Amino acid sequence: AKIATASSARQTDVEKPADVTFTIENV
Amino acid sequence: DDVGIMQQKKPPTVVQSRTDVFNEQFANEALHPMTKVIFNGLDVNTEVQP
């Protein structure tokens, strides 16, 4: 708008411990 | 490859040696790329042509 600037970014990393599920898959 | 609209960035310029006796020492200055003008307060061109 007034002065030309410069910004920076860094790709984030998201992970949780493997959760527990009660539903079964195959026969 | 195009003419910029928003203002840019400067070193900026600074004045130094003028008189008939200097005796400089070369200490300090900027290793970083800078600019040095001889005459003090130049930039004279006030006429605008619409």
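The PDB entry annotates chain B as VP1 of Bombyx mori cypovirus 1. Its official PDB title, as written in the record, is "Structure of a transcribing cypovirus by cryo-electron microscopy".

S.K.: When you look at the layout of surface pockets in this model, what are you seeing that I'm missing?
M.R.: Where empty space is left can be seen by rolling a probe of water-molecule size over the atoms. Residues and elements named next belong to chain B. Estimated volume of the largest pocket: approximately 230 Å³. Lining the largest pocket we find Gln-16, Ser-17, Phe-22, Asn-23, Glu-24, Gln-25, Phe-26, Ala-27 and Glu-29. Across the lining of the largest pocket, the residue classes tally to 3 nonpolar, 4 polar and 2 charged.

S.K.: Looking at this structure, I do not really get the environment of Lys-10 of chain B. What am I missing?
M.R.: With respect to the helices, strands and loops of the structure, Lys-10 of chain B is situated in the segment before β1 (14-15). Between the alpha carbons of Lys-10 of chain B and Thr-35 of chain B there is a distance of 9.0 Å; along the sequence they are 25 residues apart.

Conventions used here
- Residues numbered from 1 in each chain as written, not as in the entry; some residues may be left out.
- Chains lettered and ligands numbered in written order.
- Part of a larger assembly, values for the part shown.
- Heavy atoms only, no water.
- 1 Å grid on protein atoms, 1.4 Å probe; cavity = no way out; pocket = protein on both sides within 12 Å on 5 of 7 lines; lining within 4 Å.
- Points joined across faces, edges and corners; volume = space filled by probe spheres on them.
- Nonpolar A, V, L, I, M, F, W, Y, C, P; charged D, E, K, R; others polar.
- Helix = DSSP H or I, 4+ residues; strand = E, 2+ residues; numbered from the N terminus.

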